[PDB]
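I have placed the structure first, in the form of structure tokens, so that the comments after it can refer back to it.
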Amino acid sequence: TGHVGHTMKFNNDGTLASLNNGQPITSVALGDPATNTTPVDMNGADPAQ
Amino acid sequence: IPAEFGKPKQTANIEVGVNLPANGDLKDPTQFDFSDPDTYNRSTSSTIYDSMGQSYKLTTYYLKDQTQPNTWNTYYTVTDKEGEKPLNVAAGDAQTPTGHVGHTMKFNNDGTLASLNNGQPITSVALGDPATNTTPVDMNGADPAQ
């Protein structure tokens, strides 16, 4: 359906192994129609947040 | 014993400070018509005086731009005894197919003012001069170049 998340991996002892294949987790712009297929209706706020 | 005594002074500077609703509906700049309230968002009334002391009603119309975010279109109209004649700005950056010239207001994401009339001061054309305005104000013998 095009919903993009991130994967969290853990070791056998319960400790954190990896997050998003080692890349920082940043989301696409909330109210920007050019980058997000479902832009947030920001009601005049900054769409690039 | 005069009923009215004073020296009339014409209106030259009008300082307006307003807060514009950020959640208001977007409007079409090209479809603006001061006779149709649904084309714009808000309208305020102000009273102005000519050189001879006649009172006139100045109605200010605010439109929220749909094409450009955080952008507002503001129009001016002068009300005389024949009707409500729109007032045009000489160098305003808000233009309509109907020939009504306003000025554009841009705002930053934190809510502060970003720019006014592309950085140029707001000067309106002469009220009663038919050579400068397509809709002259009938100033009743007062100064037409105000």
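Residue numbers (the entry's author numbering), protein chains in the order written: chain f, 244 to 292; chain q, 147 to 292.
Where is the CB? At the ideal position from N, CA and C, for every residue including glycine.
For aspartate 289/f, a Cβ of chain q is located within less than 8 Å of the residue's own Cβ. For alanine 260/q, not one C-beta of chain f is nearer than 8 Å to its own C-beta. Runs of the beta strand (DSSP E) lying entirely within the region 179-251 of chain q, each at least 3 residues long, are 188-195, 201-210, 217-226 and 229-233 in chain order.
Close to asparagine 286/f, with beta-carbon spacing below 7 Å, are these residues of chain q in chain order: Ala168 and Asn169.
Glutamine 292/f and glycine 248/f have their C-alpha atoms spaced approximately 18 Å apart.
By the C-beta criterion, the region 172-179 of chain q is judged to be in contact with the region 233-246 of chain q, since at least 3 inter-stretch pairs fall below 8 Å.
Here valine 224/q is near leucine 204/q, since their CB atoms are less than 8 Å apart.
At a Cβ-Cβ threshold of 8 Å, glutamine 266/q and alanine 237/q count as neighbours. Rounded to whole angstroms, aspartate 174/q and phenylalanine 151/q show a C-alpha spacing of 47 Å. For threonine 190/q, the closest of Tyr221/q, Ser201/q, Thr250/q and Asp211/q by C-alpha to C-alpha distance is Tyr221/q. In this structure, the CA atom of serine 261/q is about 22 Å from the CA atom of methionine 285/f. For the set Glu161/q, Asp211/q, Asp275/q and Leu166/q, the Cα lying nearest the Cα of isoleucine 194/q is the one of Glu161/q. Taking 8 Å as the Cβ-Cβ cut-off, the region 207-226 of chain q approaches chain f at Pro215 and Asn216, given in chain order.
By a beta-carbon distance limit of 8 Å, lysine 231/q contacts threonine 281/q. Their separation comes to about 4 Å.
Within the same chain, Cβ atoms closer than 8 Å to the Cβ of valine 271/f are found at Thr278 and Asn279, the five residues on either side in sequence being excluded. Comparing alpha carbon positions, the residue from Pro290/q, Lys252/q, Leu166/q and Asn263/q closest to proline 276/q is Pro290/q. Distance from the CA of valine 164/q to the CA of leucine 259/f, rounded to the nearest whole angstrom, comes to 53 Å.
Classified as exposed, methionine 251/f has fewer than 16 neighbouring CB atoms from the shown chains inside 10 Å of its CB.
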